[PDB]
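Everything on this sheet refers to the single structure shown next.
Naming: A, B, ... by sequence-line order, numbering from 1 per chain. Hydrogens, waters and symmetry mates are skipped; everything else that's a heavy atom, side chains included, is used.
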2 protein chains.
Amino acid sequence: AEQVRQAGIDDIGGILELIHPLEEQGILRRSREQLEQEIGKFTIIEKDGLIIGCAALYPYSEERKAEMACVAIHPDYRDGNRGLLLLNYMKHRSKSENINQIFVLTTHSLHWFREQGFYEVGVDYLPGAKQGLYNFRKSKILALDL
Amino acid sequence: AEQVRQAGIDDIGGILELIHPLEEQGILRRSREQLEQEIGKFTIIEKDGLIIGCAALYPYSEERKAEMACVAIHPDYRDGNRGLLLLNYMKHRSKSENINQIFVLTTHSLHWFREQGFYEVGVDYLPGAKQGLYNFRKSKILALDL
């Protein structure tokens, strides 16, 4: 069959392959170490040992929201409802962690999202952590070693 | 004296007053309910019962980073090293939660940040959750009721 399951460390290589062409295309970038650190957030689809889909879920526990991000379907495996498969799996998983909304940040696929019952919200809806970033031009990221 | 301490629910009103003029100024917006949901992330400064400073810390546990955001000093209480007070308190607090870097997203105060040992990083440095947002124009936020 075809498996939808939470990702593990042996899946990083396969996730990277799905994501890399998205990064070149200006869509997403994730280093391997970054993926190692977040792996728990990722779900994939495996077909005959090939990773043909992934998606990440970032919970905002106290706001009871979660962002579904980094959703990729293998180019040879589109038009097989695989996006929907990941979403329904995400829906079901969020529900079981006391989360009652999923949100996405997208420039692509409005018709499809609307068709799933997604509605558009303003930046104020974003959980406070995710607010500093939506309102990003002359905007610098600064880090401090503790 | 003047107290630096983690915030509580009775501090929301006072935080809102510090933040509201920042929101009008295009800098930050936080509803009361949003602040109720995130209150645990906030630190304030209280002087004679007046909230004269606040700052939020958003931990990225597995990446061992945390974003310091929503930093406000009462307009009548500037040039009293209160920004530094909050930062050092944040530094100390992050350290004790196994976090070894603080980052900020800013358009303001480069000289000051550099002076504290902050250095500039690229968007790839951001913890994956915070990546979907930095790379935000024709970019929509969509929500789904589970």
With no hydrogens and no angle check, is any side-chain donor or acceptor of A:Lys140 less than 3.5 Å from a backbone partner on B:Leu110? no
Mind checking what makes side chain to side chain contact (heavy atoms under 4.5 Å, CB included) contact with B:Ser109, not counting sequence neighbours? B:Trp112, B:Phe113
Of the backbone (N, CA, C, O) and the side chain (C-beta and beyond), which part of A:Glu63 lies under 4.5 Å from a heavy atom of chain B, both, or neither? both
Hey, can you tell me if A:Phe103 and A:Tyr60 have their rings parallel, tilted or perpendicular (30° and 60° cut-offs)? tilted
Please set out all donor-acceptor pairs under 3.5 angstrom arising from side-chain atoms of residues 6-17 of chain B, sequence neighbours excluded.
residue, atom, partner, partner atom, Å
B:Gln6, NE2, B:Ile39, O, 3.4
B:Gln6, NE2, B:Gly40, O, 3.1
B:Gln6, NE2, B:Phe42, O, 2.9
B:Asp11, OD1, B:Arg5, NH2, 3.0
B:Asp11, OD2, B:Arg5, NH1, 2.9
B:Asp11, OD2, B:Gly8, N, 2.7

Between A:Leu144, A:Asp145, A:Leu35, which residue shows the highest count of heavy-atom pairs closer than 4.5 Å to chain B? A:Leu144
Under 6.0 Å from the CG atom of A:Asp76, do we count more than 12 heavy atoms belonging to anything else shown? yes
Pairs in or reaching into residues 35-53 of chain A: which pass side-chain hydrogen bond (donor to acceptor under 3.5 Å, both in side chains), with residues at least two apart or in two chains? A:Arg30-A:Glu38, A:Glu33-A:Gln37, A:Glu38-A:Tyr58
Hey, is the main chain of B:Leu28 close enough, under 3.5 Å, to the side chain of A:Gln131 for a donor-acceptor pair? no
Neighbours of chain A found in residues 83-102 of chain B - heavy atoms under 4.5 Å: B:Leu87, B:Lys91, B:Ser94, B:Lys95, B:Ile99, B:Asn100, B:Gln101, B:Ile102
